[PDB]
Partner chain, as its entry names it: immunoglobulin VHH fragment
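To begin, one chain is listed below as structure tokens, in the form solved without its partner chain.
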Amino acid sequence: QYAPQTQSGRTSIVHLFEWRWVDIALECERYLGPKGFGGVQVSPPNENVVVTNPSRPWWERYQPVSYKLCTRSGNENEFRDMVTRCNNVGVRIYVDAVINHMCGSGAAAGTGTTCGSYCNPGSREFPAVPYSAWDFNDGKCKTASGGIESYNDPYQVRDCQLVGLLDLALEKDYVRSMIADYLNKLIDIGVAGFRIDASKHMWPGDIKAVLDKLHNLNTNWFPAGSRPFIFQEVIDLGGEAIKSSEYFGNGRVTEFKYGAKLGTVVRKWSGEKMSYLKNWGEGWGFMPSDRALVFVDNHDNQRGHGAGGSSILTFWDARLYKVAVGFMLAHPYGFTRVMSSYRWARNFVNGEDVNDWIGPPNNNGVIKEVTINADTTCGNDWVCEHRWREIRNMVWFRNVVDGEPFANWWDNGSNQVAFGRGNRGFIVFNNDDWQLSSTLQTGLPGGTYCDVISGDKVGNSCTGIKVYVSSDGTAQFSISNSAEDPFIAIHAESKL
């Protein structure tokens, strides 16, 4: 539940949003294993309805029609092969469990599903599971529309239909047992844990009854009595009836205040300043660090779905995005999840992108493979942020400094900020519109360190900036506000 189950000393997961199972296994072997990534959150592995208007949106995968492992990402054999191949190189797989609902209630009856199962959403018939009309919450919901009309009433957000999706009656043992069996089939293949989708739309105790039915992890890869890692998706920015803390007994919770506040601070909106990040973490009103899964953006709010709104930084704001991700990866708070996206054509009318439905790169509906270019970037409009040097090297810095205290904070009173992590890593940021020239106490042994944002340590040299720290730990840093990446990070393993 709160222990991530990563191989020892791997501290981040990557969401490889809409990637095919064959591409994720090859990425585990050629890249994620070698570069120290802890694991991968994958898209929903179970069968979904095919949505033709608009043509194949990313969100049709959030409309279950059975628990068959049969999707545009692949079939069951390809899924099992990906989970074996990643586990064997020390990279864990986390499944997005869509267990609150089936598909939308106005979807058409038939076999337009990703594996050909039949369903009749209007009569609530899902013969491939099987579910029937008494496995849903239509009678339990008291609103006129049957949907969630107010997030100020706990009963309607848990018992009514979220954007018209058929709401499962999770208090019944039948539904509980049907979901537990799907999830145990996944654990047996070798999955390490689950993102529980739309946890806010389910009662904490029904989630707990499902969790109590789950198997220990597969001992080919995991220790004796290991329990699945669980993180629950609950959007709680405040101001509503449901709080994150109601879900803390079940496992970790998505802290959505983290990317909303960080975005604002880094964009310097509302009078926010990077020097205010001195007390970042619970000091800013976030949940306990041991309960939180943290991220700058997720698949929903990078395209304006969910919540986060305008301050969320994404790959579209690359320079500011890298300083937000570098700060998140250097700070001790939370378990970190990094985003990996595909590019879509945005079209804003009245400040909203009306193209936020567009699904993954595809050729007439079949998802295009991730091609790797000679310069290690991806092709086919996969943007592969997890492969950007600055992000790549900061997931490594987090593994090097794991368990080290926040130390040696400095700020210039405005937007230049620096801090270390024990005597093992130090990062300095300049988000002011003038330059930085300070001699800072780093806490590291004296020596020449390669900056891992502008470069790499290759043999006995650096490809980028070289920082000398003197015998007492201080080092002079100079960073222009016009720099490519306005921040420098050095750690025990980038010492020459």
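Positions refer to the first chain, counted from 1.
A second form of this protein, the form deposited with its partner chain bound, is not displayed here; the remarks below concern that form.
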Check: Pick from 362, 423, 264, 114: which has a non-hydrogen atom within 4.5 Å of its partner chain in the entry with it bound?
Finding: 264
Note to self: Only one of 403, 139, 127, 283 gets a heavy atom within 4.5 Å of its partner chain in the entry with it bound. Which one?
What the structure shows: 283
Check: Out of 74-82, 274-282, 415-423, 314-322, where are the residues with a heavy atom within 4.5 Å of its partner chain in the entry with it bound?
Finding: 274-282
Next item on the list: Consider residue 310 of the chain shown here, and say whether it contacts its partner chain in the entry with it bound, taking contact as heavy atoms within 4.5 Å.
Entry: yes
Item checked: Interface membership of residue 260, its partner chain in the entry with it bound, 4.5 Å heavy atom rule -> yes
Item checked: Contact test in the entry with it bound: residue 269 vs its partner chain, heavy atoms, 4.5 Å -> yes
Notebook entry, point to check: Should residue 237 be counted as a contact of its partner chain in the entry with it bound, where contact means heavy atoms within 4.5 Å?
Noted result: yes
